[PDB]
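Below is one structure, written out as structure tokens; the observations come after it.
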Amino acid sequence: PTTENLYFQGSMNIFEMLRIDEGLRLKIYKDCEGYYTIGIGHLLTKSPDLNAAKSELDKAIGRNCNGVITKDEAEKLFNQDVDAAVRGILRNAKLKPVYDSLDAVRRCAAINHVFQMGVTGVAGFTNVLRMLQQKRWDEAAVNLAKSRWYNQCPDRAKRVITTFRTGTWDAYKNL
Ligand SMILES: FC(F)(F)c1cnc[nH]1
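For the sequence shown, my numbering begins at -6 and goes up steadily by one.
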């Protein structure tokens, strides 16, 4: 590893991680599952009605957006969503102990996973949660790769899975 390579981990954090997995879009679009989304992975609604999505957007941003936001607005919303995922983990009796047991990089993978799937979805992964607490990294990763979350949209989830396996940022290098 070069001096530069060793600096790479200090450039990576949960925000940079999700930014790569979710991308950045300033106009309403449909995600890999066909749900209306904007910014950095902000799910507006699961309704097929675009009108509902725009309504949710205006509520989320606080102005008349007509389906379009600024980069600064995308960032503020993203920060709010990241905070909600972290808070969702820490208050949950099932997820908190697992999260506490993890190293810093795998903690980012945990927040990412919750950001993507929500608290109850993640908390339902009983075997994976046990495997992670027991440092059974390869088993955890194989089991994550069986999930509908990963399988229906692999490109959004693949790096998170690799990150649970290795506890390094390697999956986010060389985009
Ligand atoms: F429990 C958490 F939050 F650490 C976790 C999230 N995904 C797997 N584990």
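Note that the Cβ used here is the ideal one computed from N, Cα and C, for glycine as well.
If we count the other Cβ atoms within 10 Å of its Cβ and call it buried at 16 or more, is residue i buried or exposed?
{"i": "residue 169", "result": "Residue 169 falls outside the range modelled here, since the chain spans only -6 to 168, and no answer is possible."}
{"i": "residue 64", "result": "exposed"}
{"i": "residue -5", "result": "exposed"}
{"i": "residue 47", "result": "buried"}
{"i": "residue 167", "result": "exposed"}
{"i": "residue 11", "result": "buried"}
{"i": "residue 91", "result": "buried"}
{"i": "residue 88", "result": "buried"}
{"i": "residue 144", "result": "exposed"}
{"i": "residue 186", "result": "Because the chain in this structure spans residues -6 to 168, residue 186 falls outside the shown range and cannot be described."}
If residue i sits next to residue j, beta carbons under 8 Å apart, how far is it from one beta carbon to the other, in whole angstroms?
{"i": "residue 107", "j": "residue 8", "result": "Not really, about 15 Å apart at Cβ, beyond 8 Å."}
{"i": "residue 171", "j": "residue 6", "result": "Here the chain has residues from -6 to 168 only, and residue 171 is not among them."}
From residue i to residue j, what does the alpha carbon distance come to, in whole angstroms?
{"i": "residue 136", "j": "residue 57", "result": "43 Å"}
{"i": "residue 165", "j": "residue 114", "result": "24 Å"}
{"i": "residue 93", "j": "residue 103", "result": "10 Å"}
{"i": "residue 171", "j": "residue 15", "result": "Missing from the structure shown is residue 171; the chain here goes from -6 to 168 and no further."}
{"i": "residue 49", "j": "residue 132", "result": "39 Å"}
{"i": "residue 142", "j": "residue 109", "result": "9 Å"}
{"i": "residue 17", "j": "residue 134", "result": "27 Å"}
{"i": "residue 79", "j": "residue 97", "result": "13 Å"}
{"i": "residue 43", "j": "residue 59", "result": "11 Å"}
{"i": "residue 19", "j": "residue 148", "result": "20 Å"}
{"i": "residue 128", "j": "residue 140", "result": "19 Å"}
{"i": "residue 31", "j": "residue 22", "result": "6 Å"}
{"i": "residue 125", "j": "residue 95", "result": "8 Å"}
{"i": "residue 156", "j": "residue 52", "result": "34 Å"}
{"i": "residue 138", "j": "residue 77", "result": "25 Å"}
{"i": "residue 41", "j": "residue 111", "result": "20 Å"}
{"i": "residue 105", "j": "residue 81", "result": "12 Å"}
{"i": "residue 130", "j": "residue 55", "result": "42 Å"}
{"i": "residue 117", "j": "residue 39", "result": "21 Å"}
{"i": "residue 61", "j": "residue 13", "result": "20 Å"}
At least one CB of chain E closer than 8 Å to the CB of residue i: is that the case?
{"i": "residue 2", "result": "As a matter of chain content, chain E is missing from the structure shown, which is built from one protein chain."}
Three CB pairs or more closer than 8 Å across the region 119 to 132 and the region 142 to 154 | no
Residue ranges of each alpha helix (DSSP H) run of no fewer than 4 residues wholly in the region 82 to 165, ordered along the chain?
-> For the region 82 to 165, whole alpha helix (DSSP H) runs of length 4 or above, ordered along the chain, are 88 to 94, 97 to 110, 112 to 116, 119 to 126, 130 to 137, 141 to 145, 147 to 159.
Do the region -4 to 7 and the region 16 to 35 meet, that is, are 3 or more Cβ pairs less than 8 Å apart?
-> With a cut-off of 8 Å, the region 16 to 35 and the region -4 to 7 do not count as touching, because too few Cβ pairs lie within range.
Is the number of C-beta pairs between the region 33 to 42 and the region 67 to 83 that are closer than 8 Å three or more?
-> yes
4-residue-minimum alpha helix (DSSP H) runs that sit fully inside the region 12 to 83, ordered along the chain | 43 to 54, 64 to 83
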